[PDB]
Every structure is written in C-alpha cells, then in structure tokens.
$ cat work10.tsv   # TSV, C-alpha atoms
chain	number	residue	atom	x	y	z
A	1	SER	CA	-23.54	55.75	25.14
A	2	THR	CA	-21.11	57.24	22.66
A	3	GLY	CA	-17.37	57.66	22.20
A	4	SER	CA	-15.23	60.11	20.24
A	5	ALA	CA	-11.46	59.86	19.74
A	6	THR	CA	-8.97	61.73	17.60
A	7	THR	CA	-6.94	59.71	15.13
A	8	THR	CA	-3.52	61.01	14.04
A	9	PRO	CA	-1.30	60.13	11.06
A	10	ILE	CA	1.86	58.26	12.11
A	11	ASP	CA	4.07	60.13	9.62
A	12	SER	CA	4.11	62.84	6.96
A	13	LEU	CA	2.69	60.48	4.31
A	14	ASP	CA	-0.40	59.32	6.23
A	15	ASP	CA	0.93	55.74	6.07
A	16	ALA	CA	-1.43	54.84	8.92
A	17	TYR	CA	-3.38	56.47	11.72
A	18	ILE	CA	-3.17	55.91	15.47
A	19	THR	CA	-5.89	56.41	18.05
A	20	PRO	CA	-5.32	56.34	21.82
A	21	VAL	CA	-7.04	53.47	23.64
A	22	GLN	CA	-7.27	52.95	27.41
A	23	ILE	CA	-6.75	49.34	28.54
A	24	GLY	CA	-6.98	48.01	32.08
A	25	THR	CA	-7.20	49.43	35.58
A	26	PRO	CA	-5.51	51.81	36.17
A	27	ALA	CA	-5.63	52.75	32.50
A	28	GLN	CA	-2.72	51.91	30.24
A	29	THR	CA	-2.96	54.07	27.12
A	30	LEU	CA	-1.74	52.50	23.90
A	31	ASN	CA	-1.89	54.00	20.41
A	32	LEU	CA	-3.68	51.52	18.16
A	33	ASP	CA	-4.26	51.30	14.42
A	34	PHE	CA	-8.04	51.09	13.95
A	35	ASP	CA	-8.51	48.59	11.14
A	36	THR	CA	-11.88	48.06	9.47
A	37	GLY	CA	-10.27	45.22	7.48
A	38	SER	CA	-9.57	42.92	10.43
A	39	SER	CA	-11.23	41.78	13.64
A	40	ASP	CA	-8.55	41.30	16.32
A	41	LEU	CA	-7.63	43.78	19.04
A	42	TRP	CA	-3.99	42.94	19.72
A	43	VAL	CA	-1.25	44.77	21.54
A	44	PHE	CA	2.44	44.83	22.18
A	45	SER	CA	2.79	43.59	25.73
A	46	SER	CA	5.03	42.49	28.57
A	47	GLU	CA	4.82	39.04	26.91
A	48	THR	CA	6.21	40.19	23.55
A	49	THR	CA	9.63	38.72	22.69
A	50	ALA	CA	12.00	41.44	23.90
A	51	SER	CA	14.04	41.64	20.70
A	52	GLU	CA	10.81	42.33	18.78
A	53	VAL	CA	9.94	45.44	20.80
A	54	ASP	CA	11.57	48.68	19.67
A	55	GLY	CA	9.96	51.80	21.12
A	56	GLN	CA	6.32	50.68	21.36
A	57	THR	CA	4.27	51.18	24.48
A	58	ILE	CA	3.34	47.82	25.99
A	59	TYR	CA	0.32	46.49	27.84
A	60	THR	CA	1.28	44.77	31.10
A	61	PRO	CA	-1.69	42.67	32.20
A	62	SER	CA	-0.15	41.89	35.61
A	63	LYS	CA	-0.46	45.62	36.43
A	64	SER	CA	-4.19	45.70	35.62
A	65	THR	CA	-6.56	44.74	38.42
A	66	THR	CA	-9.28	43.96	35.87
A	67	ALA	CA	-7.19	41.75	33.54
A	68	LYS	CA	-7.99	38.04	33.45
A	69	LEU	CA	-6.23	35.38	31.39
A	70	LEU	CA	-8.64	33.82	28.92
A	71	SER	CA	-7.55	30.31	29.67
A	72	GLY	CA	-6.37	28.23	26.72
A	73	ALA	CA	-7.04	30.95	24.15
A	74	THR	CA	-4.47	31.76	21.49
A	75	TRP	CA	-4.48	33.90	18.37
A	76	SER	CA	-2.44	34.22	15.19
A	77	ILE	CA	-3.02	36.58	12.30
A	78	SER	CA	-1.45	37.33	8.93
A	79	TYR	CA	-2.26	40.53	7.07
A	80	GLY	CA	-2.51	41.37	3.38
A	81	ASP	CA	0.87	43.11	3.45
A	82	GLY	CA	2.56	39.93	4.68
A	83	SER	CA	2.97	41.02	8.29
A	84	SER	CA	1.87	38.84	11.22
A	85	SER	CA	1.58	38.50	14.97
A	86	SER	CA	0.42	35.91	17.50
A	87	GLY	CA	0.02	35.27	21.21
A	88	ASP	CA	-2.41	34.61	24.03
A	89	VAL	CA	-5.49	36.44	25.32
A	90	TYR	CA	-6.72	38.43	28.29
A	91	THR	CA	-10.06	40.02	28.95
A	92	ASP	CA	-9.94	43.54	30.33
A	93	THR	CA	-11.70	46.89	30.32
A	94	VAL	CA	-11.12	48.88	27.13
A	95	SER	CA	-12.18	52.47	26.54
A	96	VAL	CA	-12.10	54.53	23.36
A	97	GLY	CA	-12.89	58.22	23.51
A	98	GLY	CA	-14.99	57.81	26.65
A	99	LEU	CA	-16.83	54.65	25.52
A	100	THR	CA	-16.08	51.69	27.79
A	101	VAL	CA	-16.39	47.95	27.16
A	102	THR	CA	-15.83	45.51	30.00
A	103	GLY	CA	-14.61	41.99	29.27
A	104	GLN	CA	-13.07	42.91	25.91
A	105	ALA	CA	-10.67	40.32	24.48
A	106	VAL	CA	-7.23	41.93	24.45
A	107	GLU	CA	-4.88	39.76	22.43
A	108	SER	CA	-1.38	39.95	23.87
A	109	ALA	CA	1.42	39.49	21.35
A	110	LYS	CA	4.12	36.98	22.11
A	111	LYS	CA	5.57	37.39	18.60
A	112	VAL	CA	5.31	40.10	15.97
A	113	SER	CA	6.87	40.29	12.51
A	114	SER	CA	9.61	42.71	11.57
A	115	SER	CA	7.32	45.35	10.05
A	116	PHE	CA	5.56	45.76	13.40
A	117	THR	CA	8.82	45.91	15.37
A	118	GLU	CA	10.21	48.50	12.98
A	119	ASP	CA	7.24	50.81	13.44
A	120	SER	CA	7.63	52.37	16.86
A	121	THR	CA	4.46	54.45	16.53
A	122	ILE	CA	1.92	51.59	16.42
A	123	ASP	CA	1.31	49.74	19.70
A	124	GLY	CA	-1.19	47.30	18.20
A	125	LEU	CA	-4.34	47.03	16.12
A	126	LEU	CA	-8.03	47.45	16.94
A	127	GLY	CA	-10.09	45.47	14.44
A	128	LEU	CA	-13.43	46.83	13.26
A	129	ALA	CA	-14.40	44.31	10.57
A	130	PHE	CA	-16.97	41.62	11.39
A	131	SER	CA	-16.30	39.31	14.33
A	132	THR	CA	-16.46	36.25	12.06
A	133	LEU	CA	-12.85	37.11	11.08
A	134	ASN	CA	-11.54	37.12	14.65
A	135	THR	CA	-8.66	34.64	14.99
A	136	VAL	CA	-8.93	33.63	18.65
A	137	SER	CA	-9.03	29.85	19.14
A	138	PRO	CA	-10.77	27.75	20.35
A	139	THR	CA	-13.43	30.35	21.23
A	140	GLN	CA	-13.74	33.19	18.72
A	141	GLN	CA	-13.99	36.65	20.29
A	142	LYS	CA	-15.97	39.79	19.47
A	143	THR	CA	-14.63	43.12	18.28
A	144	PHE	CA	-14.77	46.23	20.42
A	145	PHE	CA	-17.60	47.55	18.23
A	146	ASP	CA	-19.58	44.30	18.45
A	147	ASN	CA	-19.27	44.36	22.25
A	148	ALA	CA	-20.21	48.05	22.48
A	149	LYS	CA	-23.06	47.93	19.97
A	150	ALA	CA	-26.01	47.25	22.24
A	151	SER	CA	-25.03	50.11	24.55
A	152	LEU	CA	-24.53	52.68	21.80
A	153	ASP	CA	-27.13	55.35	21.09
A	154	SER	CA	-27.08	54.12	17.46
A	155	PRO	CA	-25.28	50.97	16.24
A	156	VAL	CA	-22.72	52.83	14.14
A	157	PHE	CA	-19.20	54.11	14.04
A	158	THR	CA	-17.75	56.74	11.73
A	159	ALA	CA	-14.32	57.31	10.23
A	160	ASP	CA	-13.26	60.86	9.41
A	161	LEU	CA	-9.61	60.55	8.45
A	162	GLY	CA	-7.54	63.65	7.77
A	163	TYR	CA	-5.20	64.41	4.89
A	164	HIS	CA	-1.87	65.21	6.54
A	165	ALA	CA	-3.90	66.13	9.64
A	166	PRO	CA	-5.74	64.54	12.56
A	167	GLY	CA	-9.29	63.23	12.20
A	168	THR	CA	-11.90	61.44	14.28
A	169	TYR	CA	-13.44	58.06	15.04
A	170	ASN	CA	-16.90	58.35	16.59
A	171	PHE	CA	-18.94	55.53	18.09
A	172	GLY	CA	-22.70	55.60	18.52
A	173	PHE	CA	-23.61	58.83	16.72
A	174	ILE	CA	-23.29	60.69	13.44
A	175	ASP	CA	-21.76	64.17	13.79
A	176	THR	CA	-23.87	66.15	11.35
A	177	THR	CA	-21.34	69.02	11.47
A	178	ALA	CA	-18.51	66.83	10.14
A	179	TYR	CA	-19.60	66.57	6.51
A	180	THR	CA	-21.15	68.59	3.71
A	181	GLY	CA	-24.29	67.72	1.78
A	182	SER	CA	-25.94	64.37	2.45
A	183	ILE	CA	-24.69	60.90	3.33
A	184	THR	CA	-25.31	58.32	0.61
A	185	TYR	CA	-25.81	54.82	1.94
A	186	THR	CA	-24.95	51.71	-0.01
A	187	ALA	CA	-25.38	47.97	0.56
A	188	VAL	CA	-22.82	45.81	2.34
A	189	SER	CA	-22.03	42.13	1.97
A	190	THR	CA	-20.63	40.53	5.11
A	191	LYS	CA	-19.97	37.21	3.34
A	192	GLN	CA	-16.18	37.60	3.52
A	193	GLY	CA	-16.24	39.32	6.93
A	194	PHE	CA	-15.45	42.76	5.50
A	195	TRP	CA	-17.30	46.01	4.95
A	196	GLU	CA	-17.69	45.00	1.31
A	197	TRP	CA	-19.66	47.20	-1.06
A	198	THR	CA	-19.95	48.05	-4.77
A	199	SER	CA	-18.86	51.40	-6.15
A	200	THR	CA	-20.82	52.60	-9.17
A	201	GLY	CA	-17.81	53.82	-11.18
A	202	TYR	CA	-15.04	56.35	-11.51
A	203	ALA	CA	-13.63	59.39	-13.24
A	204	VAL	CA	-10.05	60.58	-13.74
A	205	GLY	CA	-9.50	64.30	-13.28
A	206	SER	CA	-12.07	66.34	-15.20
A	207	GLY	CA	-12.89	63.35	-17.40
A	208	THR	CA	-16.26	61.76	-17.97
A	209	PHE	CA	-17.61	59.36	-15.36
A	210	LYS	CA	-17.42	55.68	-16.29
A	211	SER	CA	-20.35	53.72	-14.91
A	212	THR	CA	-19.04	50.33	-13.85
A	213	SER	CA	-19.50	48.15	-10.78
A	214	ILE	CA	-16.39	47.87	-8.59
A	215	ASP	CA	-16.72	45.50	-5.63
A	216	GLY	CA	-14.32	46.32	-2.82
A	217	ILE	CA	-13.82	46.79	0.89
A	218	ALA	CA	-13.75	49.90	3.06
A	219	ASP	CA	-10.45	49.32	4.89
A	220	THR	CA	-8.99	51.92	7.24
A	221	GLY	CA	-6.01	49.65	7.86
A	222	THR	CA	-4.79	49.76	4.25
A	223	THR	CA	-2.88	52.89	3.22
A	224	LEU	CA	-3.58	53.01	-0.52
A	225	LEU	CA	-6.44	52.62	-3.01
A	226	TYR	CA	-6.24	49.27	-4.84
A	227	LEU	CA	-8.46	48.98	-7.91
A	228	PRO	CA	-8.69	46.86	-11.07
A	229	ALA	CA	-5.78	47.13	-13.49
A	230	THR	CA	-7.95	48.72	-16.18
A	231	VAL	CA	-9.00	51.56	-13.85
A	232	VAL	CA	-5.49	52.12	-12.52
A	233	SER	CA	-3.98	52.19	-16.02
A	234	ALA	CA	-6.59	54.78	-17.08
A	235	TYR	CA	-5.59	56.96	-14.10
A	236	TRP	CA	-1.80	56.81	-14.57
A	237	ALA	CA	-2.08	57.32	-18.33
A	238	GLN	CA	-3.02	60.92	-17.47
A	239	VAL	CA	0.32	61.52	-15.71
A	240	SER	CA	3.29	62.18	-18.01
A	241	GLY	CA	6.11	59.78	-17.25
A	242	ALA	CA	4.12	57.50	-14.95
A	243	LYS	CA	4.81	53.80	-15.27
A	244	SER	CA	4.42	50.53	-13.44
A	245	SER	CA	7.72	49.43	-11.97
A	246	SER	CA	8.13	45.77	-11.10
A	247	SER	CA	11.33	46.61	-9.20
A	248	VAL	CA	9.60	49.19	-6.99
A	249	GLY	CA	6.34	47.25	-6.70
A	250	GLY	CA	3.78	49.47	-8.40
A	251	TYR	CA	3.11	52.66	-10.27
A	252	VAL	CA	5.61	55.45	-9.89
A	253	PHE	CA	5.55	58.92	-11.35
A	254	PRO	CA	7.88	61.92	-11.68
A	255	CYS	CA	7.90	63.92	-8.49
A	256	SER	CA	7.60	67.06	-10.68
A	257	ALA	CA	4.09	66.02	-11.78
A	258	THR	CA	0.81	67.57	-10.75
A	259	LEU	CA	-1.56	64.63	-10.18
A	260	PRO	CA	-5.18	64.60	-11.38
A	261	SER	CA	-8.01	63.91	-8.97
A	262	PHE	CA	-9.81	60.56	-8.89
A	263	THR	CA	-13.58	60.30	-8.40
A	264	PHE	CA	-15.41	57.20	-7.21
A	265	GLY	CA	-19.15	56.58	-7.24
A	266	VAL	CA	-21.34	55.77	-4.26
A	267	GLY	CA	-24.75	55.16	-5.75
A	268	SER	CA	-25.58	58.35	-7.65
A	269	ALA	CA	-23.16	60.34	-5.46
A	270	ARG	CA	-19.50	61.07	-6.15
A	271	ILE	CA	-16.47	61.30	-3.83
A	272	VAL	CA	-13.52	63.25	-5.22
A	273	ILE	CA	-10.01	62.33	-4.11
A	274	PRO	CA	-7.74	65.36	-4.77
A	275	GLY	CA	-4.58	64.64	-6.74
A	276	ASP	CA	-2.35	65.54	-3.81
A	277	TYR	CA	-3.85	62.66	-1.79
A	278	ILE	CA	-2.41	60.26	-4.38
A	279	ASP	CA	1.22	61.39	-3.84
A	280	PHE	CA	3.21	59.08	-1.54
A	281	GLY	CA	6.49	60.82	-2.11
A	282	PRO	CA	9.95	59.69	-3.17
A	283	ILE	CA	10.43	55.94	-3.51
A	284	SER	CA	13.66	56.31	-1.52
A	285	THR	CA	15.15	59.36	0.16
A	286	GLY	CA	16.25	61.96	-2.40
A	287	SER	CA	14.72	60.18	-5.40
A	288	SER	CA	12.78	62.11	-8.04
A	289	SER	CA	10.57	59.07	-8.62
A	290	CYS	CA	7.45	59.20	-6.46
A	291	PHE	CA	5.18	56.34	-5.38
A	292	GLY	CA	1.54	56.38	-6.46
A	293	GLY	CA	-1.41	56.19	-4.10
A	294	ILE	CA	-3.62	54.30	-6.57
A	295	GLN	CA	-2.32	50.82	-7.33
A	296	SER	CA	-3.55	47.67	-9.02
A	297	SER	CA	-5.47	45.09	-6.99
A	298	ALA	CA	-4.59	42.37	-9.51
A	299	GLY	CA	-3.38	39.39	-7.53
A	300	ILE	CA	-4.71	40.71	-4.21
A	301	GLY	CA	-8.02	39.12	-5.11
A	302	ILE	CA	-10.08	42.05	-3.83
A	303	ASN	CA	-10.33	45.79	-4.43
A	304	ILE	CA	-9.49	47.90	-1.41
A	305	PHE	CA	-10.81	51.37	-0.64
A	306	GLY	CA	-8.01	52.19	1.77
A	307	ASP	CA	-7.06	55.44	3.45
A	308	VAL	CA	-6.41	57.32	0.17
A	309	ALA	CA	-10.10	56.93	-0.66
A	310	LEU	CA	-11.61	57.02	2.81
A	311	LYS	CA	-9.86	60.22	3.90
A	312	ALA	CA	-11.68	62.06	1.10
A	313	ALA	CA	-15.00	61.24	2.79
A	314	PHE	CA	-16.94	61.08	6.01
A	315	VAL	CA	-17.67	57.34	6.27
A	316	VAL	CA	-20.46	55.69	8.26
A	317	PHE	CA	-20.05	52.04	9.24
A	318	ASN	CA	-23.66	51.14	10.03
A	319	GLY	CA	-23.78	47.98	12.12
A	320	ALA	CA	-27.55	47.65	12.21
A	321	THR	CA	-29.08	44.20	11.71
A	322	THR	CA	-28.54	44.67	7.99
A	323	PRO	CA	-25.24	46.57	7.82
A	324	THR	CA	-24.68	49.39	5.32
A	325	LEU	CA	-21.97	51.95	4.51
A	326	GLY	CA	-22.51	55.68	4.14
A	327	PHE	CA	-20.28	58.20	2.38
A	328	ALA	CA	-20.43	61.99	2.42
A	329	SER	CA	-18.14	64.67	1.07
A	330	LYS	CA	-16.52	66.94	3.66
$ encode --input "work10.tsv" --output "structure tokens"
Amino acid sequence: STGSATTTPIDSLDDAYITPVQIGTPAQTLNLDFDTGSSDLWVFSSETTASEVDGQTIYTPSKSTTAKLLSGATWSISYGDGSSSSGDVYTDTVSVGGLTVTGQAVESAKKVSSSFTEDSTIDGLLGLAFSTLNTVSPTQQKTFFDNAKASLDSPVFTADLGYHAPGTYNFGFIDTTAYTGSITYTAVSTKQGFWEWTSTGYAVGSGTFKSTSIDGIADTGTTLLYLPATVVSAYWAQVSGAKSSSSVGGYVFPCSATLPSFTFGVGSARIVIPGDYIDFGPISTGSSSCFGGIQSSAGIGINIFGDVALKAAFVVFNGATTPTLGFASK
C-alpha cells in the first residue's frame, strides 16, 4: 500500500504545516501537524476542556463506530517550545492520503496549553519519530508509520515541504518526479528516538564550504533551523545590522536586508537554503526588525534541522531495519 497527502502552511510565514487526516467511522477529518520530532498522535476532542478549545475541529469518539477506549491508558507530553497536552486514549481507524491503519492509538486531549488553544488551525499532532518516544502509559503505543510499515510497498515516508506553498507527505514510495538529481542517504542514530544524523558542514552565501560534523535531528515539527552558535554567528555576520536580541529571543535583522543563502552538507552533497527562506518577518506588526530563520541551538541541547532546512529538500525517512535519511535538491 501507499498514501499521499498534501501538506499546507498554516500562515504566510510557514510557521507550521497541516495535513488532513481521517479518523473514525464515518470519517472525521482533522488537520494535523506531522511531526518527525515526536511520537504521539493526539487530537483536540470532545473531551478537551471547553475553555481550551478555540476554533479547532474536534474528534468525537462517541460518534465513531470503530472507536474503542484503551482502558487505563493516559498520555502527557511536553514539547521543546514549552507547550504541552495530555489526556486519555482510544484506538480507531486512521487514514492519511488513502493509507489506512486500523487500531491506531488516537490520544484524546483533556488539556492543552495556551499555545495550542491560540492556534485555531492545528487540530492535533501526528508524530513520526520513533515509537520509543511515545508517551502513552502504562502500555506504550506505536506511531502511524510504525503501524503502517509492514503494509507499505517500501518502509519509507517522504517530506516535501513547500516554501510559502503546499507540499506533500508520501508513505510507502519515493516519487522520482519530485526532486532533481540524486538522493544522498546518510546514517541515522535512533538512540534518542529521533531521526538524528550528522551534516558534513556548511557555507554562508557564496562563501567557501566549511567541513565540520554537525549532529542534529530532522524535525518537521520545528519551524526554524537551530545550529551551533559558531555557525549561526558566521551566518548573521554577513547581514548588515543583524544582532542577537535577548529581549526578542534570538537573531533579528533589518527588514530592508537581502539575506544570503545557507548551504548544509549531506555527505558529499549540498542542500542550498535560499535567503528568502530565512526571513520570518517583522518581530511585531509594523516593525522594521525582522526575525531570523537560523537561530542558535545553544541551551536546547541538540541541533534541529527544522522546516527552514527541510523545505529546501526532498527528504526520505527510511524506516528499514537500519533506518537512514535521504536528501535531494528539488
């Protein structure tokens, strides 16, 4: 089997991407944030504290003839950005782009933090990291991909995120028309539960490539590119007037600037992030200070190849017995 679904930016900045997901019988379609940095499929629901729902579409398990309470199971998750959610668990039928999993754990939120409530466009998350990170207790549950894997034509999924435009998540096949050149594959460590890999270096604009190992994660659920302070300083030094602002929470730059590209290495291959992908717009409405899309990972404890990086590539998440990651230009 295979599946193919379009993923759409939630706003004009590509802050996140939503993908429609069918849950239950008859189908209830919710727009979920596919997150290769976590491993829980959770949804706003009829159980979510009413004051914490503001415009989201909810899953109502009592209206699904295939929903079953997973007795005694609870979940609770906190994300890198400080947001959180928790609740109980159902199993139900879940389909993405024509690919169906029966008995998928659907984690129903009883509580969500303010950032989730305030974002009316995201109805929940669909985790695509390794199932070892799943938070369901006392019986850990599998991700949608883990459950689908054996049925797929090939044990892979691909992320093809757009810049200010829709893109695609495919399951079970590699669309050879969706990228240019070849796909370069690179080793993955699953030790921390992430799609963790080592970039071979970077360049800023038309500058020379610096060969240096940068361990980080491929994370579709993180907006920006978070890299070591040395790398980030080298980038922003090429933008007149750019500075790190403790009050704003990162590097800012004059909105009048033209940003240089940023290149990262994948083995001997190179992925080029155009400068415009690094512009996250005014820090507040009407400001002439703009927020940067490359930020320091210092104090996160891990480098993160988030959407800024991933949307410059066609990315293969290869879930074979020994997982790997592939990157191609597009």
$ closest_residue --input "work10.tsv" --among "A:306, A:299, A:281, A:103" --to "residue 13 in chain A" --atoms "only C-alpha atoms"
A:281
$ residues_around --input "work10.tsv" --residues "residue 201 in chain A" --least-positions-apart "6" --cutoff "6 Å" --atoms "all atoms listed in the file" --output "MDAnalysis selection string"
chainID A and resid 210:213 264:265
$ residues_near_point --input "work10.tsv" --point "(-30.7, 45.2, 3.7)" --cutoff "7 Å" --atoms "all atoms listed in the file" --output "mmCIF file with C-alpha atoms, keeping the file's coordinate frame"
data_model
loop_
_atom_site.group_PDB
_atom_site.id
_atom_site.type_symbol
_atom_site.label_atom_id
_atom_site.label_comp_id
_atom_site.auth_asym_id
_atom_site.auth_seq_id
_atom_site.Cartn_x
_atom_site.Cartn_y
_atom_site.Cartn_z
ATOM 1 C CA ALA A 187 -25.380 47.970 0.560
ATOM 2 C CA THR A 322 -28.540 44.670 7.990
ATOM 3 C CA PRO A 323 -25.240 46.570 7.820
#
$ atom_distance --input "work10.tsv" --atom1 "CA of residue 307 in chain A" --atom2 "CA of residue 75 in chain A"
26.3 Å
$ closest_residue --input "work10.tsv" --among "A:43, A:304, A:125, A:106" --to "residue 226 in chain A" --atoms "all atoms listed in the file"
A:304
$ residues_around --input "work10.tsv" --residues "residue 231 in chain A" --least-positions-apart "5" --cutoff "12 Å" --atoms "all atoms listed in the file" --output "PyMOL selection string"
chain A and resi 201-204+209-214+225-226+236-238+262-264+294-298+303
$ residues_around --input "work10.tsv" --residues "residue 252 in chain A" --least-positions-apart "3" --cutoff "7 Å" --atoms "all atoms listed in the file" --output "ChimeraX atom specification"
/A:242-245,289-292
$ closest_residue --input "work10.tsv" --among "A:109, A:58, A:302, A:308" --to "residue 17 in chain A" --atoms "only C-alpha atoms"
A:308
$ closest_residue --input "work10.tsv" --among "A:147, A:104, A:92, A:116" --to "residue 55 in chain A" --atoms "all atoms listed in the file"
A:116
$ atom_distance --input "work10.tsv" --atom1 "CA of residue 156 in chain A" --atom2 "CA of residue 134 in chain A"
19.3 Å
$ build_atoms --input "work10.tsv" --residues "range 68-88 of chain A" --atoms "N, CA, C and O atoms" --output "tab-separated table (two decimals), in the frame of the given file"
chain	number	residue	atom	x	y	z
A	68	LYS	N	-7.87	39.46	33.15
A	68	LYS	CA	-7.99	38.04	33.45
A	68	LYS	C	-7.52	37.23	32.24
A	68	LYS	O	-7.94	37.51	31.12
A	69	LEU	N	-6.65	36.26	32.46
A	69	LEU	CA	-6.23	35.38	31.39
A	69	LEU	C	-7.45	34.65	30.86
A	69	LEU	O	-8.24	34.11	31.64
A	70	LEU	N	-7.60	34.62	29.55
A	70	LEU	CA	-8.64	33.82	28.92
A	70	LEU	C	-8.02	32.45	28.68
A	70	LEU	O	-7.26	32.24	27.73
A	71	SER	N	-8.31	31.53	29.59
A	71	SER	CA	-7.55	30.31	29.67
A	71	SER	C	-7.64	29.47	28.41
A	71	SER	O	-8.73	29.17	27.93
A	72	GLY	N	-6.47	29.09	27.89
A	72	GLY	CA	-6.37	28.23	26.72
A	72	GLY	C	-6.49	28.93	25.38
A	72	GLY	O	-6.32	28.29	24.35
A	73	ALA	N	-6.79	30.23	25.39
A	73	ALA	CA	-7.04	30.95	24.15
A	73	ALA	C	-5.73	31.43	23.53
A	73	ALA	O	-4.87	31.99	24.22
A	74	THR	N	-5.60	31.23	22.23
A	74	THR	CA	-4.47	31.76	21.49
A	74	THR	C	-4.98	32.44	20.23
A	74	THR	O	-6.13	32.27	19.83
A	75	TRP	N	-4.11	33.21	19.59
A	75	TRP	CA	-4.48	33.90	18.37
A	75	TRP	C	-3.26	33.98	17.47
A	75	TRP	O	-2.13	33.90	17.93
A	76	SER	N	-3.51	34.13	16.17
A	76	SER	CA	-2.44	34.22	15.19
A	76	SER	C	-3.05	34.81	13.93
A	76	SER	O	-4.06	34.31	13.44
A	77	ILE	N	-2.44	35.87	13.42
A	77	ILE	CA	-3.02	36.58	12.30
A	77	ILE	C	-1.94	36.92	11.29
A	77	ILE	O	-0.79	37.17	11.66
A	78	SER	N	-2.31	36.88	10.02
A	78	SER	CA	-1.45	37.33	8.93
A	78	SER	C	-2.24	38.34	8.12
A	78	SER	O	-3.41	38.12	7.81
A	79	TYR	N	-1.60	39.45	7.78
A	79	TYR	CA	-2.26	40.53	7.07
A	79	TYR	C	-1.91	40.54	5.59
A	79	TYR	O	-0.96	39.89	5.16
A	80	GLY	N	-2.68	41.30	4.82
A	80	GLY	CA	-2.51	41.37	3.38
A	80	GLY	C	-1.13	41.83	2.94
A	80	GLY	O	-0.68	41.50	1.84
A	81	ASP	N	-0.46	42.60	3.78
A	81	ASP	CA	0.87	43.11	3.45
A	81	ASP	C	1.98	42.13	3.86
A	81	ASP	O	3.16	42.45	3.73
A	82	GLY	N	1.59	40.95	4.33
A	82	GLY	CA	2.56	39.93	4.68
A	82	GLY	C	3.04	39.95	6.11
A	82	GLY	O	3.82	39.09	6.52
A	83	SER	N	2.59	40.94	6.89
A	83	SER	CA	2.97	41.02	8.29
A	83	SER	C	2.13	40.06	9.12
A	83	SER	O	1.12	39.54	8.64
A	84	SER	N	2.54	39.82	10.37
A	84	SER	CA	1.87	38.84	11.22
A	84	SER	C	2.20	39.05	12.69
A	84	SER	O	3.17	39.73	13.04
A	85	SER	N	1.37	38.46	13.54
A	85	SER	CA	1.58	38.50	14.97
A	85	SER	C	0.76	37.38	15.60
A	85	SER	O	-0.16	36.83	14.98
A	86	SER	N	1.12	36.99	16.82
A	86	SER	CA	0.42	35.91	17.50
A	86	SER	C	0.66	35.99	19.00
A	86	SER	O	1.61	36.64	19.45
A	87	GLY	N	-0.17	35.31	19.77
A	87	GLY	CA	0.02	35.27	21.21
A	87	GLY	C	-1.12	34.62	21.96
A	87	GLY	O	-1.77	33.70	21.46
A	88	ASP	N	-1.34	35.10	23.18
A	88	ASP	CA	-2.41	34.61	24.03
A	88	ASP	C	-3.38	35.75	24.33
A	88	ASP	O	-3.29	36.81	23.71
